[PDB]
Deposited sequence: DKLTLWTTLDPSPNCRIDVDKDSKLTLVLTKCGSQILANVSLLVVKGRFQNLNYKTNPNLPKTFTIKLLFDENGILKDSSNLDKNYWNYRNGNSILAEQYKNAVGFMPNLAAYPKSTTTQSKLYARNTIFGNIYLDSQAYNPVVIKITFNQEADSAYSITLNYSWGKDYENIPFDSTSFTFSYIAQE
């Protein structure tokens, strides 16, 4: 009832560029009016598996993973996360109690040039369990115009990494629940 998560299954479950290029671990625990969230990310194959900006001049320093939800709090197929890996810890009918509160985190109006900053959380996370491999995780609620609710995970970094795996440490955050 009270936890929505990616399983701990070792199978890849997420698309950054290509199907199953990544494994997202996301745990959402309902503590009444707040969701306690825990996240980590491993890239298992493709261009972000091993970062080397000395040898690959064309490699970006960002990617984004989106969880898109309908008006019943059901994960949409268009999400980067595979629906087959998303369920209660013990497919579901209602998870509006896990959704980011729309009054707290309003969607952008047609006339609105961006979201309120309160819709965003920043975290400093690290690759390969080392403090000198920083990555910025930018978590934004309800940014995706075509979904009832959304959680957007933007990863970005500045370092010219040389043969560093995108294998992230864990980060905790919370957000205000819709109900």
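- Taking the first deposited residue as 1, the stretches without any C-alpha atom are 1, 92-98.
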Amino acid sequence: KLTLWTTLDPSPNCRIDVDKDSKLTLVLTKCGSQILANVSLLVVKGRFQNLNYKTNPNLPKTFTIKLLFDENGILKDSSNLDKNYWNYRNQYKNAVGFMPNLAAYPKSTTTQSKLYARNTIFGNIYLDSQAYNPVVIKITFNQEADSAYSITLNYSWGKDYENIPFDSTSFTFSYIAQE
From here on, numbers count along this sequence of modelled residues.
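- Legend: mean Cα B-factor per stretch from the PDB entry, 107-115 versus 34-42; the higher mean is in 107-115.
- Per-stretch averaging of Cα B factors for 24-32 and 150-158 places 24-32 on top.
- Out of 67, 139, 145, 125, it is 145 whose C-alpha atom has the highest B-factor in the PDB entry.
- Of the candidates 62, 58, 130, 120, the PDB record gives 58 the highest C-alpha temperature factor.
- The entry lists a Cα temperature factor for residue 7 that places it in the highest third of the chain's modelled residues.
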